[PDB]
Every structure is written in structure tokens, then in C-alpha cells.
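Down below is the structure, laid out as C-alpha cells.
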Amino acid sequence: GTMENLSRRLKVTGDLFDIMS
Amino acid sequence: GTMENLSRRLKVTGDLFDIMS
Amino acid sequence: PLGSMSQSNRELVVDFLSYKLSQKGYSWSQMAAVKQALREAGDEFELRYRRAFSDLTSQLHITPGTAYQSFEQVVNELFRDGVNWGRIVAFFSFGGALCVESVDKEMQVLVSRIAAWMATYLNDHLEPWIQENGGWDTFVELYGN
Amino acid sequence: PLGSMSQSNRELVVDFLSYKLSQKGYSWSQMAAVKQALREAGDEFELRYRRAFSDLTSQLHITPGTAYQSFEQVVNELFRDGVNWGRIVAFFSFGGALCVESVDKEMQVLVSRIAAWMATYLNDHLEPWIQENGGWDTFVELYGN
């Protein structure tokens, strides 16, 4: 859905952020 | 006198600032 | 009203000095360090985010009557399967983008509501995890400077 | 010192969203528009100042015993022959540089004292001029971006 896609983009960008720290 | 000179530099910079507005 | 001129001027002083010290790098409080680390982590998160997708602010079609339900849904899916510092950063950036989108589309009323929804979610569902994982201090160590 | 009481998670939210709104140029209150305007004028003041001269933290020779007299002498001379918004900006930038110099030299104790001296000068000696000249909203009209 509309917000399912948003939270997926947020989730994956945050995870990338978390790994790089 | 150190403080008088700093006062002068602040006062003239403030006035140029005021003029450009 | 009695005393508000004086009070406003004290807030300007505090705000200007604080802006100026943190501008020059000096973290004086404990939460000052956390805030500084959060602001910069937010900036980096959004730089990566917009470099990979559109602007984080364009991905949201929100109205005052519908903002709450949308916010709680996006956040609940973001943490549905775990918490980590990066997703917590994503959670702040999302809220930040909601607020920017709201002021831009002339729904300024939503700003302080969004802050409340964030604080309530942060205090109810993120703060236990934070305490188990070293507190905000561990975050400052991982994402500051 | 400054902001020693703003340590809640709710404040962390409020701080992050404030940063994001003003980073994109949006104010959420009349006070917010004054703070943003004041911060920007100070930056622009200091860039103008440090080009024509040295950075204004470089010249200062403060101690706890002389800080007050130095602050009052400079400020009294700044406004000796009148007030305007430019000089008030200079006044804020001077206080800011005193604070930065103080922290840089490991005299952090002076930050809160300087903040009080600025607030006191503002409320007793500048505030009538501010009121007779349109209040801080007029400063925002002239110096807001």
C-alpha cells in the first residue's frame, strides 16, 4: 500500500544507517 | 584601550548592518 | 500579560547563546550532546534517503483528520519487527518530514500534534529498548561527530 | 547552565522538529520567527565582522573577576549614542563570542552569568527602545529572510 511502501523505505534506510555505525 | 576599540568595531559593524535593511 | 516581555527576552538570549555554542561545537549539557547527535543523524539520514528515492516530504498525502492514523500505521510497520538506532533515526526524520509537509501545505495545526504523537510513541514503545541498549549516551557515542 | 532542565524525551522530539522546520525556513510561532531572524543576523553580522577584522573571540581577554566589567564597558559604549537593530545584533553577537571564548578557555561557569547580564541589559536598557520601535516583529520584518 501507500504507507506500507513509505515505511519500507524508512525501514531499509534506517537499517543501512545502523550497519554503518 | 582594548575595550574602546572593540566597542568601536562592534558599533560601526552594527550601523552598516542597520543601514543595509 | 504581566512579565511576558521580560520572559521573551530571556528566551532569545538563551536561544542565541545555545545556537552559537553548538555552532562552534561545544556540547554543554548531556541532552545537548544527544540533540546535536540527533540533528546531524537526521541530516545524514535524509541526504541518503533523498539520494535513493524522492524527497521524504513528497511521499505523504496527509490531512488533519487523517494524519494520526497514517502516522501510527507507518511507525508501527517501521518497528513491527525490531528496534535499532537507525530505525529510531528514521522515526525522527519521518516526523520531521510530516511537520515540514504540514507547514508547506498550510496545516500548521498538525505540528505540535505530531510532536505529541512522537513523544508518546517514543516514551511508550521505544524507551524500554533504549534503556536496554545503553540509553541515549550509547547513541551519542555511535552517531555524534 | 543554559537549558539544564530540557532533558525529557518530549523535548528531544520538540528540538528535532524545531531544527527541521527552521532548517527549511518555517516558523511555528512569532517567537520562533524572532529566534530564526536573530540567529541569521548574528551569523551574517559575524561574517561581516571577521572579514573586516579578526574573529571577535580572538581579541577577548576575560577572567571571572573582570568578565562583568568588560561586558558592561563594551555594551555601554555600543549604545552610548543610541540604539538600533544593527547594534542590538552586535550586542547579541558580542555576548555569544564571550560565551564561546569562555567555554574555549575552560571558564564555562561564565556562560550562565553572561546570559543573565545580557537579559538584564535587554530588559532594563534596550526593551523600551524595542517597544517604541515596533517590537521584535518589526526586527523580523526587517531582518527575516
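Cβ atoms come from the backbone with ideal geometry, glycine included; neighbour counts cover every protein chain shown. Laboratory data are not the source of any read-out in this text; all were calculated from the coordinates shown.
Hey, which of these cross-link pairs are over 30 Å Cα-Cα: B:11/D:24; D:20/D:105; A:11/C:20; A:11/C:35; C:24/D:24?
Details: B:11/D:24 32 Å; D:20/D:105 32 Å; A:11/C:20 34 Å; A:11/C:35 22 Å; C:24/D:24 21 Å.
Cα-Cα > 30 Å for B:11/D:24; D:20/D:105; A:11/C:20; rest within.
Comparing C:33, C:90, C:116 in a Gaussian network model of chain C where C-alpha atoms under 10 Å apart are linked, the largest mean-square fluctuation is found at C:116.
With its label point put 7 Å out from Cα toward Cβ, residue C:112 sits 2.8 nm from the same residue's point in the other copies, in order from shortest. Measuring r between the beta carbons of residue C:106 and residue D:63 and using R0 = 35 Å, the FRET efficiency lands at 0.10.
Are there any helices in chain C, counted as whole DSSP H runs, that stretch 27 Å or more along their axis by Cα and score at least -0.5 on average by Kyte-Doolittle, and if so which?
Working: long enough: C:4-23 (28 Å, -0.33); C:30-52 (34 Å, -0.83); C:85-104 (28 Å, 1.01).
Taking the DSSP H segments of chain C (at least 27 Å long, mean hydropathy at least -0.5), we get C:4-23, C:85-104.
Determine, from the Cβ-Cβ distance of residue D:54 and residue D:31 and an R0 of 41 Å, the FRET efficiency 1/(1 + (r/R0)^6), rounded to the nearest 0.05. Plugging the Cβ-Cβ distance into 1/(1 + (r/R0)^6) gives 0.80. Look at the stretch D:86-99: the mean tally of other chain Cβ atoms within 10 Å of its residues' Cβ atoms is 6.
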